[PDB]
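The chain that follows stands alone, in the form deposited in one PDB entry, written as structure tokens.
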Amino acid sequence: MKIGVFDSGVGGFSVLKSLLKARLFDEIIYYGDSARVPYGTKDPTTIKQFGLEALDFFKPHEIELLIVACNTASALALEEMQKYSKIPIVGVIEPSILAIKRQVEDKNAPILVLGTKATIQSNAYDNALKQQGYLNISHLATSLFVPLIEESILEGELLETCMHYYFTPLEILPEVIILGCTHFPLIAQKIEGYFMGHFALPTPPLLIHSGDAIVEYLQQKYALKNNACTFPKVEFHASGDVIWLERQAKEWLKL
């Protein structure tokens, strides 16, 4: 089985890592639109066209399924992409909704959605959760987390101050935190730590990881038993910084 993975850049690596461990596919074609990253600060119209152009990139690769690892693209371009695509396209939003549905029985549990400005503004998460019966939903566009993470500021006073900037205004004790952005898993522990040290939470909140969530979904939906190639063929492509992207793949994914 040969599939594709699309993201605005290298961020999607966080989703790809999960996919690789789950041995769901024998071959993966990763494509990052690095020349235009980030997507999170842009509008729906622009994002949708980006999504459509991504489909064009994959046509020669003859993939049988496309994973939109980008949360922003999943929120703004997924519907349009699915409209014209002949192969199934799976985003990272619905899988997380289902993940929450399975592990969060209390419909009143306070849920906090974190993502880019575009993702949050879209209310993609909020709407899906409401449809599933959840009644305590809060969202925050922690936009600066993206560039900080890209500069590798994964700890220290600057990150702490940035988290403080976004989280201080919160008047809820989150029991569930959605890491609704490809970049957020890289500071998940820091985020959990902030809430445990700045709030009176009795126990750490449940963190929803987009990659683990989509893995769960794919296994069930497509009846995949984790028996694909052990050392799968993976290609990395991008609209820019491709040499760099390949280096990142070897350095962090050992591919």
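Shifts are known only where both forms have a C-alpha. Residues carry their position along the shown sequence, with the first being 1. Think of the rigid core as the biggest set of C-alphas that the two forms share within 1.5 Å after superposition.
Another form, the form deposited in another entry, is not on view; read the next lines as being about it.
Q: Just one of 52, 188, 35, 201 has a CA that shifts 2 Å or more between this form and the one not shown on a core fit; which is it?
A: Only 201 moves by 2 Å or more at its C-alpha.
Q: Once you compare with this form, do the C-alpha atoms of residue 202 and residue 106 lie closer or farther in the other entry, given a change of 3 Å or more?
A: Farther apart in the other entry, by 3 Å or more.
Q: Your call: residue 250 and residue 147 CA atoms, closer or farther in the other entry versus the shown structure, by 3 Å or more?
A: Between the C-alphas of residue 147 and residue 250, the gap narrows in the other entry (3 Å or more compared with this form).
Q: For residues shared by both forms, which stretches of 3 or more shift their Cα by 2 Å or more between this form and the one not shown, once the core is superposed?
A: Core-superposed, the runs shifting 2 Å or more come out as 200 to 203, 247 to 255.
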